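This is work-v8.tsv (TSV, N, CA and C atoms and all ligand atoms).
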chain	number	residue	atom	x	y	z
L	1	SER	N	0.83	-1.23	0.00
L	1	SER	CA	0.00	0.00	0.00
L	1	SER	C	0.86	1.28	0.00
L	2	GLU	N	1.66	1.46	1.05
L	2	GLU	CA	2.53	2.62	1.18
L	2	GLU	C	3.75	2.58	0.27
L	3	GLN	N	4.29	1.39	0.03
L	3	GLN	CA	5.48	1.34	-0.81
L	3	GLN	C	5.20	1.48	-2.28
L	4	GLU	N	3.94	1.30	-2.63
L	4	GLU	CA	3.46	1.39	-4.00
L	4	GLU	C	3.25	2.84	-4.40
L	5	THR	N	3.04	3.71	-3.42
L	5	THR	CA	2.80	5.11	-3.72
L	5	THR	C	3.84	5.71	-4.66
L	6	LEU	N	3.36	6.55	-5.57
L	6	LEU	CA	4.21	7.23	-6.54
L	6	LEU	C	4.52	8.65	-6.08
L	7	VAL	N	5.81	8.97	-6.01
L	7	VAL	CA	6.26	10.28	-5.55
L	7	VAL	C	7.16	11.04	-6.54
L	8	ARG	N	7.27	12.36	-6.32
L	8	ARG	CA	8.12	13.23	-7.15
L	8	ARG	C	9.13	13.93	-6.21
L	9	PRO	N	10.34	13.36	-6.06
L	9	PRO	CA	11.36	13.95	-5.18
L	9	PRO	C	11.70	15.41	-5.45
L	10	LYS	N	12.02	16.12	-4.38
L	10	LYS	CA	12.44	17.51	-4.48
L	10	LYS	C	13.93	17.44	-4.85
L	11	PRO	N	14.48	18.53	-5.41
L	11	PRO	CA	15.90	18.60	-5.83
L	11	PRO	C	16.95	17.87	-4.97
L	12	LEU	N	16.99	18.22	-3.68
L	12	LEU	CA	17.93	17.65	-2.74
L	12	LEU	C	17.85	16.10	-2.68
L	13	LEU	N	16.64	15.58	-2.89
L	13	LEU	CA	16.45	14.13	-2.88
L	13	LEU	C	16.83	13.53	-4.24
L	14	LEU	N	16.50	14.24	-5.31
L	14	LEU	CA	16.83	13.78	-6.66
L	14	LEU	C	18.32	13.66	-6.84
L	15	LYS	N	19.02	14.61	-6.24
L	15	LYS	CA	20.47	14.62	-6.34
L	15	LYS	C	21.00	13.34	-5.69
L	16	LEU	N	20.42	12.98	-4.55
L	16	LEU	CA	20.86	11.79	-3.85
L	16	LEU	C	20.57	10.51	-4.63
L	17	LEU	N	19.35	10.40	-5.15
L	17	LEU	CA	18.98	9.24	-5.93
L	17	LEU	C	19.85	9.14	-7.18
L	18	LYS	N	20.09	10.27	-7.84
L	18	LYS	CA	20.91	10.21	-9.04
L	18	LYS	C	22.35	9.77	-8.79
L	19	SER	N	22.90	10.11	-7.63
L	19	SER	CA	24.28	9.73	-7.31
L	19	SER	C	24.45	8.22	-7.22
L	20	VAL	N	23.33	7.50	-7.21
L	20	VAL	CA	23.41	6.06	-7.16
L	20	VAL	C	22.73	5.39	-8.35
L	21	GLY	N	22.70	6.09	-9.48
L	21	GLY	CA	22.12	5.53	-10.69
L	21	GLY	C	20.69	5.88	-11.05
L	22	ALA	N	19.93	6.44	-10.11
L	22	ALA	CA	18.54	6.78	-10.40
L	22	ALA	C	18.58	7.76	-11.58
L	23	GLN	N	17.55	7.75	-12.41
L	23	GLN	CA	17.57	8.64	-13.55
L	23	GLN	C	16.19	9.03	-14.01
L	24	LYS	N	15.23	9.00	-13.09
L	24	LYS	CA	13.86	9.35	-13.40
L	24	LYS	C	13.44	10.54	-12.54
L	25	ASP	N	12.28	11.11	-12.83
L	25	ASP	CA	11.81	12.22	-12.01
L	25	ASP	C	10.72	11.74	-11.07
L	26	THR	N	10.13	10.58	-11.36
L	26	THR	CA	9.08	10.03	-10.51
L	26	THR	C	9.47	8.64	-10.02
L	27	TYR	N	8.97	8.27	-8.84
L	27	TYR	CA	9.33	6.99	-8.25
L	27	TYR	C	8.25	6.40	-7.38
L	28	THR	N	8.32	5.09	-7.15
L	28	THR	CA	7.38	4.46	-6.23
L	28	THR	C	8.20	4.58	-4.96
L	29	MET	N	7.55	4.61	-3.80
L	29	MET	CA	8.30	4.72	-2.56
L	29	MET	C	9.24	3.53	-2.37
L	30	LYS	N	8.89	2.38	-2.93
L	30	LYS	CA	9.72	1.19	-2.82
L	30	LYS	C	11.09	1.45	-3.45
L	31	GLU	N	11.09	2.11	-4.60
L	31	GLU	CA	12.35	2.41	-5.27
L	31	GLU	C	13.16	3.41	-4.45
L	32	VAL	N	12.50	4.47	-3.98
L	32	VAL	CA	13.18	5.50	-3.19
L	32	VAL	C	13.86	4.87	-1.97
L	33	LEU	N	13.09	4.07	-1.24
L	33	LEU	CA	13.57	3.39	-0.03
L	33	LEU	C	14.78	2.55	-0.35
L	34	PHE	N	14.74	1.93	-1.52
L	34	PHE	CA	15.84	1.10	-1.96
L	34	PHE	C	17.11	1.90	-2.32
L	35	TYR	N	16.95	2.98	-3.07
L	35	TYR	CA	18.12	3.78	-3.46
L	35	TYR	C	18.78	4.42	-2.24
L	36	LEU	N	17.98	4.71	-1.23
L	36	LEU	CA	18.51	5.29	0.00
L	36	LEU	C	19.31	4.24	0.75
L	37	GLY	N	18.84	3.00	0.70
L	37	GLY	CA	19.54	1.91	1.35
L	37	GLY	C	20.90	1.79	0.69
L	38	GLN	N	20.92	1.97	-0.63
L	38	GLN	CA	22.13	1.90	-1.45
L	38	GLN	C	23.13	2.98	-1.06
L	39	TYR	N	22.62	4.21	-0.99
L	39	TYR	CA	23.45	5.36	-0.64
L	39	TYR	C	24.08	5.13	0.73
L	40	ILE	N	23.24	4.75	1.69
L	40	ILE	CA	23.71	4.49	3.05
L	40	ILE	C	24.90	3.52	3.08
L	41	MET	N	24.81	2.39	2.36
L	41	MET	CA	25.95	1.48	2.38
L	41	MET	C	27.14	1.86	1.53
L	42	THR	N	26.91	2.59	0.44
L	42	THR	CA	28.02	2.98	-0.42
L	42	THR	C	28.89	4.04	0.27
L	43	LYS	N	28.27	5.05	0.85
L	43	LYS	CA	29.03	6.09	1.54
L	43	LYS	C	29.40	5.68	2.95
L	44	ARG	N	29.04	4.45	3.28
L	44	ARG	CA	29.38	3.87	4.55
L	44	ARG	C	29.04	4.75	5.74
L	45	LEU	N	27.76	5.06	5.83
L	45	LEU	CA	27.28	5.89	6.91
L	45	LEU	C	26.79	4.98	8.02
L	46	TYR	N	26.86	3.68	7.75
L	46	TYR	CA	26.41	2.64	8.67
L	46	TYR	C	26.93	1.27	8.23
L	47	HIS	N	22.43	-0.80	13.16
L	47	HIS	CA	21.14	-0.12	13.08
L	47	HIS	C	21.27	1.41	13.07
L	48	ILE	N	22.42	1.94	13.49
L	48	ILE	CA	22.56	3.39	13.53
L	48	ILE	C	23.30	3.96	12.34
L	49	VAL	N	22.63	4.90	11.68
L	49	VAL	CA	23.16	5.61	10.52
L	49	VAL	C	23.49	7.05	10.90
L	50	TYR	N	24.76	7.40	10.70
L	50	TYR	CA	25.25	8.74	10.98
L	50	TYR	C	25.23	9.58	9.71
L	51	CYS	N	24.42	10.63	9.70
L	51	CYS	CA	24.34	11.46	8.51
L	51	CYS	C	24.83	12.91	8.60
L	52	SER	N	25.51	13.29	9.68
L	52	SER	CA	26.02	14.66	9.77
L	52	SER	C	27.12	14.81	8.73
L	53	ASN	N	27.32	16.04	8.29
L	53	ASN	CA	28.35	16.35	7.32
L	53	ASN	C	28.18	15.56	6.03
L	54	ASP	N	26.93	15.20	5.75
L	54	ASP	CA	26.60	14.46	4.55
L	54	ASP	C	25.24	14.90	4.05
L	55	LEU	N	25.08	14.81	2.74
L	55	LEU	CA	23.84	15.15	2.08
L	55	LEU	C	22.61	14.57	2.79
L	56	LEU	N	22.70	13.32	3.22
L	56	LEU	CA	21.55	12.71	3.88
L	56	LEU	C	21.11	13.48	5.12
L	57	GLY	N	22.06	14.16	5.76
L	57	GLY	CA	21.72	14.94	6.93
L	57	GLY	C	20.92	16.17	6.52
L	58	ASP	N	21.28	16.78	5.39
L	58	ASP	CA	20.53	17.95	4.91
L	58	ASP	C	19.11	17.51	4.54
L	59	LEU	N	18.98	16.25	4.14
L	59	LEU	CA	17.68	15.70	3.79
L	59	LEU	C	16.81	15.40	4.99
L	60	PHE	N	17.39	14.73	5.98
L	60	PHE	CA	16.64	14.34	7.16
L	60	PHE	C	16.56	15.33	8.30
L	61	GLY	N	17.51	16.26	8.37
L	61	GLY	CA	17.47	17.25	9.43
L	61	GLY	C	17.82	16.70	10.80
L	62	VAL	N	18.64	15.65	10.81
L	62	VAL	CA	19.09	15.01	12.05
L	62	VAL	C	20.51	14.50	11.80
L	63	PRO	N	21.34	14.40	12.86
L	63	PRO	CA	22.71	13.92	12.70
L	63	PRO	C	22.78	12.40	12.68
L	64	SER	N	21.73	11.73	13.15
L	64	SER	CA	21.72	10.27	13.15
L	64	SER	C	20.32	9.68	13.36
L	65	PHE	N	20.17	8.41	13.00
L	65	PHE	CA	18.88	7.73	13.17
L	65	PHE	C	19.07	6.22	13.10
L	66	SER	N	18.05	5.47	13.50
L	66	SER	CA	18.13	4.01	13.47
L	66	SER	C	17.34	3.46	12.29
L	67	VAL	N	17.90	2.48	11.60
L	67	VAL	CA	17.22	1.88	10.45
L	67	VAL	C	15.99	1.07	10.84
L	68	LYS	N	15.80	0.88	12.14
L	68	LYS	CA	14.66	0.12	12.65
L	68	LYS	C	13.41	1.00	12.77
L	69	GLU	N	13.62	2.31	12.90
L	69	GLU	CA	12.52	3.26	13.03
L	69	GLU	C	11.95	3.72	11.70
L	70	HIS	N	11.28	2.79	11.03
L	70	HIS	CA	10.68	3.06	9.73
L	70	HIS	C	9.72	4.25	9.69
L	71	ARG	N	8.76	4.32	10.61
L	71	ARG	CA	7.81	5.43	10.61
L	71	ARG	C	8.51	6.79	10.67
L	72	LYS	N	9.52	6.90	11.53
L	72	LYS	CA	10.27	8.15	11.64
L	72	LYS	C	10.97	8.37	10.31
L	73	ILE	N	11.67	7.35	9.82
L	73	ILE	CA	12.35	7.49	8.54
L	73	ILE	C	11.39	8.00	7.47
L	74	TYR	N	10.28	7.28	7.28
L	74	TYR	CA	9.28	7.70	6.29
L	74	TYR	C	8.97	9.19	6.42
L	75	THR	N	8.73	9.66	7.65
L	75	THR	CA	8.39	11.07	7.85
L	75	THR	C	9.49	12.00	7.36
L	76	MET	N	10.74	11.62	7.56
L	76	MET	CA	11.85	12.45	7.10
L	76	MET	C	12.00	12.38	5.59
L	77	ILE	N	11.68	11.22	5.01
L	77	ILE	CA	11.77	11.10	3.56
L	77	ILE	C	10.67	11.96	2.96
L	78	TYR	N	9.48	11.85	3.53
L	78	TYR	CA	8.32	12.59	3.03
L	78	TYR	C	8.42	14.09	2.95
L	79	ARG	N	9.22	14.70	3.82
L	79	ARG	CA	9.34	16.15	3.73
L	79	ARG	C	10.08	16.58	2.49
L	80	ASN	N	10.79	15.63	1.88
L	80	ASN	CA	11.58	15.91	0.69
L	80	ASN	C	11.00	15.49	-0.66
L	81	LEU	N	9.69	15.30	-0.69
L	81	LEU	CA	9.01	14.91	-1.90
L	81	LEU	C	7.55	15.33	-1.86
L	82	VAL	N	6.88	15.12	-2.99
L	82	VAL	CA	5.47	15.43	-3.12
L	82	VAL	C	4.86	14.21	-3.81
L	83	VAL	N	3.62	13.88	-3.48
L	83	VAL	CA	3.00	12.72	-4.07
L	83	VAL	C	2.52	13.02	-5.49
L	84	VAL	N	2.48	12.00	-6.33
L	84	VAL	CA	2.06	12.19	-7.72
L	84	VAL	C	0.56	11.97	-7.82
L	85	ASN	N	-0.14	13.06	-8.08
L	85	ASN	CA	-1.60	13.02	-8.17
L	85	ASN	C	-2.02	12.57	-9.56
L	101	LIG	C1	19.93	0.58	5.51
L	101	LIG	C2	19.63	-0.66	4.63
L	101	LIG	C3	18.13	-0.68	4.09
L	101	LIG	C4	17.79	-1.94	3.10
L	101	LIG	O1	16.95	-2.80	3.31
L	101	LIG	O2	18.61	-1.85	1.95
L	101	LIG	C5	18.73	-2.91	0.89
L	101	LIG	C6	19.36	-4.10	1.63
L	101	LIG	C7	17.34	-3.03	0.27
L	101	LIG	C8	19.73	-2.30	-0.07
L	101	LIG	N1	17.11	-1.04	5.07
L	101	LIG	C9	17.34	-2.09	5.93
L	101	LIG	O3	18.41	-2.66	5.93
L	101	LIG	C10	16.19	-2.58	6.85
L	101	LIG	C11	16.49	-2.12	8.29
L	101	LIG	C12	15.77	-2.98	9.35
L	101	LIG	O4	16.34	-4.16	9.62
L	101	LIG	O5	14.78	-2.59	9.89
L	101	LIG	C13	14.83	-2.16	6.32
L	101	LIG	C14	14.79	-0.68	6.04
L	101	LIG	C15	13.39	-0.12	5.77
L	101	LIG	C16	12.44	-0.86	5.05
L	101	LIG	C17	11.20	-0.31	4.71
L	101	LIG	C18	10.89	1.01	5.09
L	101	LIG	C19	11.82	1.75	5.82
L	101	LIG	CL1	11.45	3.36	6.26
L	101	LIG	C20	13.05	1.21	6.16
L	101	LIG	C21	15.88	-0.28	4.97
L	101	LIG	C22	16.14	1.23	4.90
L	101	LIG	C23	15.64	1.98	3.81
L	101	LIG	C24	15.81	3.37	3.76
L	101	LIG	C25	16.49	4.02	4.83
L	101	LIG	CL2	16.84	5.77	4.89
L	101	LIG	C26	16.99	3.26	5.91
L	101	LIG	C27	16.82	1.86	5.96
Would you give me this structure, written as structure tokens?
Amino acid sequence: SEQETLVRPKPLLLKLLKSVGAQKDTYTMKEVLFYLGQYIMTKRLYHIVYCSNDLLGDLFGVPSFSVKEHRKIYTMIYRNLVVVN
């Protein structure tokens, strides 16, 4: 239900997705969640992910978070996109 949703990332998020191969302007949340997982392991920011002094921090507005807290994560991802009507 929620992962199927189609979204349109804001610039700061598009930049992040593109740095890992993304190349579209619209995405299902499943894809977004996945590309973020990719970014996290490639830049080696990580259950605790440290995002200060990194683009992901500008995206989430926090210096760190736990990968177990999905609802919180979703909320931080959501501020950086708009849903596709
Ligand atoms: C950090 C690794 C990444 C992943 O699966 O990445 C691969 C293995 C798919 C690449 N990942 C996990 O490893 C899981 C963490 C956990 O054991 O709870 C799931 C997690 C997640 C799933 C669905 C929604 C949300 Cl908000 C979070 C998901 C994740 C997705 C996005 C973000 Cl920012 C942080 C974590």
As lines of an AutoDock Vina configuration file, please: the centre and edge lengths in Å, to one decimal, of an axis-aligned box enclosing every listed atom of ligand LIG 101 (chain L) with 8 Å added on each side.
center_x = 15.4
center_y = 0.8
center_z = 4.9
size_x = 25.0
size_y = 25.9
size_z = 26.0
Filtered DSSP result for chain L, state strand (DSSP E or B), as a compact mmCIF listing (two decimals) with N, CA and C atoms, in the frame of the given file:
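Saved as part-v7.txt:
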# COMPACT_ATOMS: atom_id res chain seq x y z
N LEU L 6 3.36 6.55 -5.57
CA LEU L 6 4.21 7.23 -6.54
C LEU L 6 4.52 8.65 -6.08
N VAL L 7 5.81 8.97 -6.01
CA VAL L 7 6.26 10.28 -5.55
C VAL L 7 7.16 11.04 -6.54
N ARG L 8 7.27 12.36 -6.32
CA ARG L 8 8.12 13.23 -7.15
C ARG L 8 9.13 13.93 -6.21
N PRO L 9 10.34 13.36 -6.06
CA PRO L 9 11.36 13.95 -5.18
C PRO L 9 11.70 15.41 -5.45
N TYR L 27 8.97 8.27 -8.84
CA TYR L 27 9.33 6.99 -8.25
C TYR L 27 8.25 6.40 -7.38
N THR L 28 8.32 5.09 -7.15
CA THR L 28 7.38 4.46 -6.23
C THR L 28 8.20 4.58 -4.96
N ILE L 48 22.42 1.94 13.49
CA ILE L 48 22.56 3.39 13.53
C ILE L 48 23.30 3.96 12.34
N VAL L 49 22.63 4.90 11.68
CA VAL L 49 23.16 5.61 10.52
C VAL L 49 23.49 7.05 10.90
N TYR L 50 24.76 7.40 10.70
CA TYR L 50 25.25 8.74 10.98
C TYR L 50 25.23 9.58 9.71
N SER L 64 21.73 11.73 13.15
CA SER L 64 21.72 10.27 13.15
C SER L 64 20.32 9.68 13.36
N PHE L 65 20.17 8.41 13.00
CA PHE L 65 18.88 7.73 13.17
C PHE L 65 19.07 6.22 13.10
N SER L 66 18.05 5.47 13.50
CA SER L 66 18.13 4.01 13.47
C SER L 66 17.34 3.46 12.29
N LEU L 81 9.69 15.30 -0.69
CA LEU L 81 9.01 14.91 -1.90
C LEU L 81 7.55 15.33 -1.86
N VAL L 82 6.88 15.12 -2.99
CA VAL L 82 5.47 15.43 -3.12
C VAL L 82 4.86 14.21 -3.81
N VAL L 83 3.62 13.88 -3.48
CA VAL L 83 3.00 12.72 -4.07
C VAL L 83 2.52 13.02 -5.49
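Computed from the coordinates, the atom N of residue 11 (chain L) to CA of residue 46 (chain L) distance equals 24.4 Å.
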Nearest to ligand LIG 101 (chain L): which of L:22, L:76, L:7, L:84 is it, counting only C-alpha atoms and all ligand atoms? L:76
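Going from atom C of residue 19 (chain L) to atom N of residue 38 (chain L) covers 9.7 Å.
Taking atom C of residue 2 (chain L) as the reference point, CA of residue 52 (chain L) is found at 27.1 Å.
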Neighbouring residues of ligand LIG 101 (chain L) are defined here as those with any atom at most 6.5 Å from a ligand atom, counting only N, CA and C atoms and all ligand atoms; list them as an mmCIF file with N, CA and C atoms, keeping the file's coordinate frame.
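To be explicit, this is the file written out as result23.cif:
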data_model
loop_
_atom_site.group_PDB
_atom_site.id
_atom_site.type_symbol
_atom_site.label_atom_id
_atom_site.label_comp_id
_atom_site.auth_asym_id
_atom_site.auth_seq_id
_atom_site.Cartn_x
_atom_site.Cartn_y
_atom_site.Cartn_z
ATOM 1 N N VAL L 32 12.500 4.470 -3.980
ATOM 2 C CA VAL L 32 13.180 5.500 -3.190
ATOM 3 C C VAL L 32 13.860 4.870 -1.970
ATOM 4 N N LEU L 33 13.090 4.070 -1.240
ATOM 5 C CA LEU L 33 13.570 3.390 -0.030
ATOM 6 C C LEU L 33 14.780 2.550 -0.350
ATOM 7 N N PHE L 34 14.740 1.930 -1.520
ATOM 8 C CA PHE L 34 15.840 1.100 -1.960
ATOM 9 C C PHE L 34 17.110 1.900 -2.320
ATOM 10 N N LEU L 36 17.980 4.710 -1.230
ATOM 11 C CA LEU L 36 18.510 5.290 0.000
ATOM 12 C C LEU L 36 19.310 4.240 0.750
ATOM 13 N N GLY L 37 18.840 3.000 0.700
ATOM 14 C CA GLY L 37 19.540 1.910 1.350
ATOM 15 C C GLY L 37 20.900 1.790 0.690
ATOM 16 N N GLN L 38 20.920 1.970 -0.630
ATOM 17 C CA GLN L 38 22.130 1.900 -1.450
ATOM 18 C C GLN L 38 23.130 2.980 -1.060
ATOM 19 N N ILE L 40 23.240 4.750 1.690
ATOM 20 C CA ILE L 40 23.710 4.490 3.050
ATOM 21 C C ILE L 40 24.900 3.520 3.080
ATOM 22 N N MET L 41 24.810 2.390 2.360
ATOM 23 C CA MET L 41 25.950 1.480 2.380
ATOM 24 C C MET L 41 27.140 1.860 1.530
ATOM 25 N N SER L 66 18.050 5.470 13.500
ATOM 26 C CA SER L 66 18.130 4.010 13.470
ATOM 27 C C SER L 66 17.340 3.460 12.290
ATOM 28 N N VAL L 67 17.900 2.480 11.600
ATOM 29 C CA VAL L 67 17.220 1.880 10.450
ATOM 30 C C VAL L 67 15.990 1.070 10.840
ATOM 31 N N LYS L 68 15.800 0.880 12.140
ATOM 32 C CA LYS L 68 14.660 0.120 12.650
ATOM 33 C C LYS L 68 13.410 1.000 12.770
ATOM 34 N N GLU L 69 13.620 2.310 12.900
ATOM 35 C CA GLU L 69 12.520 3.260 13.030
ATOM 36 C C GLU L 69 11.950 3.720 11.700
ATOM 37 N N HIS L 70 11.280 2.790 11.030
ATOM 38 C CA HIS L 70 10.680 3.060 9.730
ATOM 39 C C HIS L 70 9.720 4.250 9.690
ATOM 40 N N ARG L 71 8.760 4.320 10.610
ATOM 41 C CA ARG L 71 7.810 5.430 10.610
ATOM 42 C C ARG L 71 8.510 6.790 10.670
ATOM 43 N N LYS L 72 9.520 6.900 11.530
ATOM 44 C CA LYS L 72 10.270 8.150 11.640
ATOM 45 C C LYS L 72 10.970 8.370 10.310
ATOM 46 N N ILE L 73 11.670 7.350 9.820
ATOM 47 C CA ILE L 73 12.350 7.490 8.540
ATOM 48 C C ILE L 73 11.390 8.000 7.470
ATOM 49 N N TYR L 74 10.280 7.280 7.280
ATOM 50 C CA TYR L 74 9.280 7.700 6.290
ATOM 51 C C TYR L 74 8.970 9.190 6.420
#
Residue list (alpha helix (DSSP H), DSSP) for chain L, as a PyMOL selection string: chain L and resi 11-18+29-42+55-60+70-78
Name the residues in contact with residue 16 (chain L) at a cut-off of 8 Å, using all atoms listed in the file, excluding same-chain residues fewer than 6 positions from it; report them as a ChimeraX atom specification. /L:10,22,35-36,39,55-56
Near residue 4 (chain L), within 6 Å and counting only N, CA and C atoms, which residues show up once chain neighbours fewer than 6 positions away are dropped, as a tab-separated table (two decimals) with N, CA and C atoms, in the coordinates of the input?
chain	number	residue	atom	x	y	z
L	28	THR	N	8.32	5.09	-7.15
L	28	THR	CA	7.38	4.46	-6.23
L	28	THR	C	8.20	4.58	-4.96
L	29	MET	N	7.55	4.61	-3.80
L	29	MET	CA	8.30	4.72	-2.56
L	29	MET	C	9.24	3.53	-2.37
L	30	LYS	N	8.89	2.38	-2.93
L	30	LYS	CA	9.72	1.19	-2.82
L	30	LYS	C	11.09	1.45	-3.45
Which protein, DNA or RNA residues have an atom at most 10 Å from (16.0, 16.2, 7.0), counting only C-alpha atoms? List them as a tab-separated table (two decimals) with N, CA and C atoms, keeping the file's coordinate frame.
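The file below, result-v9.tsv, is the result:
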chain	number	residue	atom	x	y	z
L	51	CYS	N	24.42	10.63	9.70
L	51	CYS	CA	24.34	11.46	8.51
L	51	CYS	C	24.83	12.91	8.60
L	55	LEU	N	25.08	14.81	2.74
L	55	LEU	CA	23.84	15.15	2.08
L	55	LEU	C	22.61	14.57	2.79
L	56	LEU	N	22.70	13.32	3.22
L	56	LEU	CA	21.55	12.71	3.88
L	56	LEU	C	21.11	13.48	5.12
L	57	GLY	N	22.06	14.16	5.76
L	57	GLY	CA	21.72	14.94	6.93
L	57	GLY	C	20.92	16.17	6.52
L	58	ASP	N	21.28	16.78	5.39
L	58	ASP	CA	20.53	17.95	4.91
L	58	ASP	C	19.11	17.51	4.54
L	59	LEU	N	18.98	16.25	4.14
L	59	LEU	CA	17.68	15.70	3.79
L	59	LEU	C	16.81	15.40	4.99
L	60	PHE	N	17.39	14.73	5.98
L	60	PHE	CA	16.64	14.34	7.16
L	60	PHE	C	16.56	15.33	8.30
L	61	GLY	N	17.51	16.26	8.37
L	61	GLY	CA	17.47	17.25	9.43
L	61	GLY	C	17.82	16.70	10.80
L	62	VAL	N	18.64	15.65	10.81
L	62	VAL	CA	19.09	15.01	12.05
L	62	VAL	C	20.51	14.50	11.80
L	63	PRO	N	21.34	14.40	12.86
L	63	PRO	CA	22.71	13.92	12.70
L	63	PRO	C	22.78	12.40	12.68
L	73	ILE	N	11.67	7.35	9.82
L	73	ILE	CA	12.35	7.49	8.54
L	73	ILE	C	11.39	8.00	7.47
L	75	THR	N	8.73	9.66	7.65
L	75	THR	CA	8.39	11.07	7.85
L	75	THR	C	9.49	12.00	7.36
L	76	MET	N	10.74	11.62	7.56
L	76	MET	CA	11.85	12.45	7.10
L	76	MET	C	12.00	12.38	5.59
L	77	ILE	N	11.68	11.22	5.01
L	77	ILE	CA	11.77	11.10	3.56
L	77	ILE	C	10.67	11.96	2.96
L	78	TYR	N	9.48	11.85	3.53
L	78	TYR	CA	8.32	12.59	3.03
L	78	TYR	C	8.42	14.09	2.95
L	79	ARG	N	9.22	14.70	3.82
L	79	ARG	CA	9.34	16.15	3.73
L	79	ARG	C	10.08	16.58	2.49
L	80	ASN	N	10.79	15.63	1.88
L	80	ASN	CA	11.58	15.91	0.69
L	80	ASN	C	11.00	15.49	-0.66
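Residue nearest residue 65 (chain L), chosen from L:48, L:20, L:81, L:14 and counting only N, CA and C atoms: L:48.
Residue nearest residue 6 (chain L), chosen from L:42, L:64, L:53, L:26 and counting only C-alpha atoms: L:26.
With only N, CA and C atoms as the atoms that count, the residue of L:1, L:47, L:9, L:85 with the shortest distance to residue 27 (chain L) is L:9.
Using all atoms listed in the file for every distance, the candidate list L:31, L:21, L:43, L:82 yields L:31 as the residue closest to residue 3 (chain L).
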